Every structure is written in structure tokens, then in C-alpha cells.
Amino acid sequence: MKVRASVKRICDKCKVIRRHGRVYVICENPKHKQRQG
Amino acid sequence: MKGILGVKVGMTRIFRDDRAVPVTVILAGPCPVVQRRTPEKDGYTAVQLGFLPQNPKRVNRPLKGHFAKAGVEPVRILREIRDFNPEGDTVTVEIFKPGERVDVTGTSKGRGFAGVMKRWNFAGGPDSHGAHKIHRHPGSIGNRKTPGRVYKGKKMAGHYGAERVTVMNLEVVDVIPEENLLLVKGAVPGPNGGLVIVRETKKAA
Amino acid sequence: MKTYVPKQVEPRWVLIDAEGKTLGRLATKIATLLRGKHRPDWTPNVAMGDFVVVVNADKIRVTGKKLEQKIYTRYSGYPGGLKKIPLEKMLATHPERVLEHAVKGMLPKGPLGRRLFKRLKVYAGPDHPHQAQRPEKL
Amino acid sequence: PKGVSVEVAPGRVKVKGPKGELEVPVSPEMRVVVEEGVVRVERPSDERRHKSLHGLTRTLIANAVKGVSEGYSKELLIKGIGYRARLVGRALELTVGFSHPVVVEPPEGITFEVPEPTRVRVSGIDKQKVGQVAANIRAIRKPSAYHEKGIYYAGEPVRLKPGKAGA
RNA sequence: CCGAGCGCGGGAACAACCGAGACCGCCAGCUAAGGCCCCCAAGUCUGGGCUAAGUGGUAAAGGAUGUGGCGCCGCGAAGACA
RNA sequence: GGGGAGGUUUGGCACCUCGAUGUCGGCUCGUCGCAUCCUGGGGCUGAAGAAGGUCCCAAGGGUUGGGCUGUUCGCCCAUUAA
RNA sequence: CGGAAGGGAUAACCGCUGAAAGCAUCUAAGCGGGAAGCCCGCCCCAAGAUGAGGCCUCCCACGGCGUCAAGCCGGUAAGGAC
């Protein structure tokens, strides 16, 4: 994942936080460190 | 950010320390301070600085024999150190001590209208093969139709000489009060016996 | 008949606020005044529109993100000479500009449109040169 | 909020306690007044921005009171090997994974204090600027570094295999 | 429709988009298209809805706890979401 | 298997130019672009360290010299943080 | 000998107190770190900066037509030039 247009909730222990302007997806293991980009 | 006025002399190599040093000397001499400057009625913080005494009739009129202290005029008249408030008296040379680094300002001698090689520096080219018609020439300048304009400031065939430059970071090794001289790591701009102001260096403050 | 021609009218000075006013809404008015268009004796070709000195510009207000957003461009003929300063810093250094600018593009442009801008003298303050009348307004 | 010392103003609740006083300027939007012995807060309407600001501010000033009522309990547990924490004069001189001793200096508004080298204690009389410097030390030496060693608050380290996974 | 209407006014400028057929004069009235904050002529009119991006001020499949409004099926004072 | 963007390539079109718009590479002189090759920083890593991979921000400055071929492209050469 | 040091705002990103939505969050209020990038410091030009700026001094009327209105004409004083 990590930076991409498509960004899911994948693993339930993730949240979508519209932070600093744009969509992210944060968790514990930052291997799913997604981001609308 | 203190200062001093000076004239140029010498360039050598004084085998001081153990190795050798290209040594340019300057005479700061009795170089006057004849008018301070203050914010409200100026806007900065400054002092005018005179030089070499030989002025009789050819000068006259305002003098600033007025000013508030006369002292007559040099003949190389006076310039201005910025951000500098002195102790008062006509400063000399010993303003700086052997062990400091400084900056030095002066005119570059006149090489006038020159060729682009001896200027910014270009290339020209083909001594033989190509032709003979474009040895010392710029060749190109700008694009075809768009622009169709010749770039403003395109390093061009022009003047290169009677200008001026301030050099940073030198190293004054000597200074003789008895005759008023200041000896630096030879780098002086401009010809011998000309105009040059010394001021302190810049580095981390 | 034949429509009337004001003779040499006297130049009436004024004064407007600054602080609290919206940047653009202000000039809109201000402009009109620089020309005779408020006057019941306006004429295109003469410029007799009121000398608007302005006080405390430095406290001009404006909407949205324009503080940061808004970009004041400047381009020397030198290739790469495009320098864009933001409204932000433009307040910080010589803010008076920002008004004079928003303004200077609300006039027309023929040799007198600029004569008219001379007919305007803002300061960031208040203060001004108390020359005469300059009756405050709103 | 007993022996506190609130002080309503236009949009700034200056509050004194047995330790010090803080100023907590929030938007006048909603309702800021002290009444009957405890402070209150209430939105203008059921509106997104309004609602949010109402909560935000309510607990902001709520903590603000508790801060001068002593809200300090934050301190870092430096786990490692050769990571020693010392305190000389005004400066805490800890010496961690960095080749040199880390020079920390208790500043204006809070008071640190190093009990033993294993762990640094921070008495923080300013709930805001407190977690800031907690995070400052924890980000002067980032912990967990694959296996261990660094600066932990107390948060359990997520592991990751050691001299392995280097294909 | 131009060409032959580069004669007119909108369209920022533009033969053909919109409006509209120029015998001439006028320092006279309405009105078209667009338009009324100032270009530039006329409402910073009136009244209420949406949006926070300069979107407006020109892009898709697709994506998200962006925001307003509508609807559906449990949970719940027997006591719930967390 | 879908959706786009770009206008370098390769093509389709034949509106300016047939009372001329002199087509290749190299010299010289560049300047812009960013989808960064180098140099910062940072994210993640099937990342111990080392070095590596990949993704985001970032053009300020830099982008070498010889062999073959007219040749740009290419390979080689000895190198370089590149 | 020049690229410095350093200051100020930032990207991507890393963080602090903190809600809507009792819990969470790096944010929607506020605040901190963070790049060879941005502004400056640095060198140079530069008041034709029509807005001609500022400082320091230096010289000074009626002499013949303009009575009231701005000029016009002949030499002078600081001066400046051939």
C-alpha cells in the first residue's frame, strides 16, 4: 500500500482519518500506512 | 563590522611562519573621521573617512572645515563605513590586530570592451577545420521563432573592466604603526597605489 | 442644447478607514471616488475625482485563506524573473501596497488612470500629512 | 474545582492554583462563565463546528483547572543497556545510544527531575507543553529499534525479528 | 449562418455560437442577446436554499467517518451505542 | 480486464506557407520542464548492521573524459556522489 | 579568496494538548521538530524608486518689459566649462 489512489480499511484494526487535508489509513503496523495519493 | 580606508602597495611572499605568504600591503594611514550619521536624520549608522592631506586652493568652499572640527580635507576626500561608530579621532591603521581575518573593497582595473571569452567566458572554436570567420565569437544567443526574443542578460559581447569588487576572508598577518601599513594574504583587487577600503570579515556573526 | 462642462473644479480631499473593511469591497467604492463618478459633475477626460488619503491600511481585513493564499507576482524582463510574494508577507513588508494594488486595477489605464492613482495616498498607521480638509467618511 | 482560582474574561480563562497560573484563550463562541463553584460551557446550537468547539473547549478548560490543581504524571522509562540518566544543577545529562551525553534543560513552566538513571521523571504543570517535551525526549532517542533499546514512556514495544530477515 | 452581412451588439479578442437585416442626419423613447460591485451602461436590489474548495475559474473509472437534506431495519429506559 | 493523463515516437488530416518555412548529427549558446540520474529529507520494507529495494516532497546546484561508426540511438573504455 | 555559519516561514512526513462521536486521532481551535528546496543574510548593480527621495555643507533679489498672472531679456555669486 503506502501512497496510492485506492485506500481501504483492509484490516479491521485500521482507521480512516481525514487528517492534514487528505485521506490516510492508520493502524499499528505501518505496513498498511495507506494514503489517498 | 569596523573599518578603515586604505591605498594599495605590494604583493610579495614574506617567508613568515615557515612556509611562504603572498603578501599585499596597504597604507591605511591617518584616515580621518569627519562626520557620523544617526537613524532619524539618516537611517543607518555610519562615519565618513578621509585620507591623504595635500589639499590647498583647488578644493576650498564647503570644506566641512565647517563640519564641527575642520581637520582640512585630504585630497582623496572621503567615503563611508556602514554600521560603525568610532572613538572620534582620525583613525589610523592599528584598528585591526595581526591575527584577524577581514573583507576588502576596491575597483577592478579597466579591461574595457572585451571579447566574450575574456569576459564571462565562452568558447568560440574551430581554429582550422570549420572556418576562420568565428575564432573569438559567441556563435549562438537564443531560440528559433519562440522566443524570437534574445534572452535578457544572455552573457554577451561587452564591457569587462572598470568595475568594483569586495573580497571576503583574507588574513592580515602584519601591521606597522611606524609607517602606517597593513599586510594581508595577497589577494588585493585593483592596481598599486589606488583606492581600497578595509573592513572586518564575516563568518558566523 | 449641449451637455455641460464643469470648469476648473476644486479638488475635494476625503479620508477613509481601513481597519475592519474587506480589502476588495473597499476599493470598489474608493475607485469610484478617484474618478468623478460619485460627483454630479463627473467628466471622462479631466480627473477631478477626490484625493483619497487612507489611514491604517496595515489592518486591512480579507476573507478566506487569501492571507496565505493570495499571491502578488512580479516579473523582470530577465528570464526566470517571476517573483511571487504572498498577501501574507505582503502585509509584513510594505503592506500599503496591497491596498494601492487591489485599487490600481479598478481604474482604467490610459495616461490618466495612473494620474488618478497619484491622486491616492494611503498609509499604514493612521497618520497622514493633515494638509487640509480630508473630511472623514464611511 | 475546589481551592482553584478561575477567572473568566472575554475568551480567556486565566486560572491560578497552588502551583501557578495558566491562560487558556479559546473562542468566545458558546458560553464561558464561572458559576456556583464549578465552571460551565455550552454551545450556541446543534452545529458541526459549534458542537466540536463546545466539547473541545469544555474539556480544554476543564483540564486547565486540573493542571494548576497538579496534573503532572508523565515520565519516561529509558530502556537499553548503556543508557544512563544524570541530573547536574539545572541540566539532565542522560547518556544514551548517541556517542555523546544528551543535554536536556528543564525550562520555563515545568520541572523535570531524574530519580535514577534507569528512568527520568517529569513534573509537568502545563498539560499542553508537557506531552510535547515527553515526546521530545522519546524523539531524541527513538526506542524499540527492531528489538529494543531507546526511550520508552511505558508503551509495550512491538517486536520484529533480530539478526534475521536480511535476505 | 457565412461567402456577399470583417457593417451592428453580446461572446474577453474570433466569417459562420447568441441576438439582430445597416438610404442618410439626431446631444430623443423603448427593447433583443448578454448584463447590472466596480470594467462598461444599469440592483454591492429583494427573499431564501448549497458550498470552504478559489470549488466557481473546465478531466475520468474509482476512492474516502467532507457537508446539507431524504428514506429503510434492528438496538433502548424491561436499560441499550461506547 | 477497465479508467485516465502526456504530445517526445510512430501514424491519420491537409488550414498558414510552392512570387521559398534551407530538412541530419556536431560546434557554439542556452533556457525552461519534472514523470529525480546525482546530492537532503522522509515514509515503509521479505530493513541487525552494512548496503539494497520501493513509494512521497524537493530542480538550488551538478550532470566527466576516450574507442567505433556522419551517425543521435547503441555497445565498449577508464572512471564518478552522479 | 567565493559557495559559508545563522535567522524566519514550509512541503512530504514525524509529534503534543483535544472534540464532534464518554473511547481514538498528528486538526476541524491552538502549539513543536523537520529539507541542498522558499525569504534573508552575501557580492553587485540601482532614486529616469517621474515617487527623482535622504545627509552634510555653499551662494543669494529689482537689474530691463510681465503692476496685479506664469514668463521674457543682458552680465553676475558658490560654481563649472572651453
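Residues numbered from 1 in each chain as written, not as in the entry; some residues may be left out. Chains lettered and ligands numbered in written order. Part of a larger assembly, values for the part shown. Heavy atoms only, no water.

The deposited coordinates, according to the entry record, derive from X-ray crystallography at 3.5 Å resolution.

Engineer: Which residues make up the overall build of chain C, and what values do they have?
Structural biologist: Looking only at helices and strands, chain C has four helices and four strands in total. Overall, chain C shows an N-to-C arrangement of helices and strands of α-β-β-β-α-α-α-β. Projected onto its principal axes, the C-alpha coordinates of chain C cover approximately 55 × 35 × 25 Å. Taken over 138 residues, chain C has a buried fraction of 33%. For chain C, the accessible surface area stands at approximately 9,200 Å², while carbon and sulfur atoms represent 57% of it. Counting 28 positive and 12 negative side-chain charges, chain C places the centres of these two groups 9 Å from one another. (Helix = DSSP H or I, 4+ residues; strand = E, 2+ residues; numbered from the N terminus. Buried < 20%, exposed > 50% of the residue type's maximum accessible area, 1.4 Å probe, protein only. Areas by Shrake-Rupley, 256 points an atom, 1.4 Å probe, with all protein chains shown as cover. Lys, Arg positive; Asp, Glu negative; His and termini not counted. Charge placed at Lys NZ, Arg CZ, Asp CG, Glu CD.)

Engineer: How would you explain a positive patch on the surface if you had to name every residue and give the values?
Structural biologist: Taken together, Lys109(B), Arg111(B), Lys118(B) and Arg136(B) make up a surface patch of like positive charges. Take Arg111(B): it is sitting in the loop between β6 (102-106) and β7 (165-167). (Patch = residues over 30% accessible without salt bridge, like charges linked within 9 Å, V, L, I, M, F, W, Y side chains within 5 Å. Salt bridge = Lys/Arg side-chain N within 4 Å of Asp/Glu carboxyl O.)

Engineer: Which residues make up the protein's contact with RNA strand E, and what are the values?
Structural biologist: Lining the immediate surroundings of RNA strand E are 18 residues, of which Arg9(A), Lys37(C), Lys65(C), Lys66(C) and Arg48(D) lie closest. The sugar-phosphate share of atoms of RNA strand E within 4 Å of the protein amounts to 61%. At 3.4 Å, a side-chain N or O of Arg18(A) approaches a base nitrogen of RNA strand E. Between RNA strand E and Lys66(C), the relevant distance is 2.7 Å, taken from a base oxygen to a side-chain nitrogen or oxygen of the residue. Here the residues of the surface near RNA strand E sort into five nonpolar, four polar and nine charged. (Near = heavy atom within 4 Å. Polar contact = N/O pair within 3.5 Å; in protein donor to acceptor, adjacent residues only side chain to side chain. Nonpolar A, V, L, I, M, F, W, Y, C, P; charged D, E, K, R; others polar.)

Engineer: Describe the nonpolar core, listing the residues and the values that go with them.
Structural biologist: Judged by nonpolar contacts, the single largest core of 26 residues is most densely connected at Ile30(C), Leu34(C), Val52(C), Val98(C) and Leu99(C). With six residues, the single largest contributor to this core is helix α1 (residues 23-34) of chain C. Apart from residues lying up to four places away in sequence, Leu34(C) is in contact with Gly49(C), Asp50(C), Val52(C), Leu107(C), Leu116(C), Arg119(C) and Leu120(C). Counting residues in each nonpolar core, the second largest holds 25 residues, with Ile26(B), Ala28(B), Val47(B) and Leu49(B) among its members. (Core = buried A, V, L, I, M, F, W, Y, C linked by side-chain atoms within 4.5 Å. Contact = heavy atoms within 4.5 Å.)

Engineer: Residues and numbers for the protein's contact with RNA strand F, please.
Structural biologist: Near RNA strand F there are 22 residues, and of these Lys33(A), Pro138(B), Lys154(B), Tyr146(D) and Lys164(D) occur at the shortest range. In the interface set of RNA strand F, defined as its atoms within 4 Å of the protein, sugar plus phosphate atoms amount to 78%. In the model, a base oxygen of RNA strand F is placed 3.4 Å from a nitrogen or oxygen of the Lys31(A) side chain. Contacts to RNA strand F include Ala123(B), whose backbone N or O atom sits 3.3 Å from a phosphate oxygen.

Engineer: Account for the arrangement of the chains, with residues named and values stated.
Structural biologist: For this structure, the chain pair with the highest number of contacts among two pairs of chains in contact is chains B and C. Looking at chain A next to chain C, you find no contact at all, with the nearest C-alpha pair sitting 14 Å apart. The two units chain C and chain D remain apart, with a minimum C-alpha distance of 16 Å.

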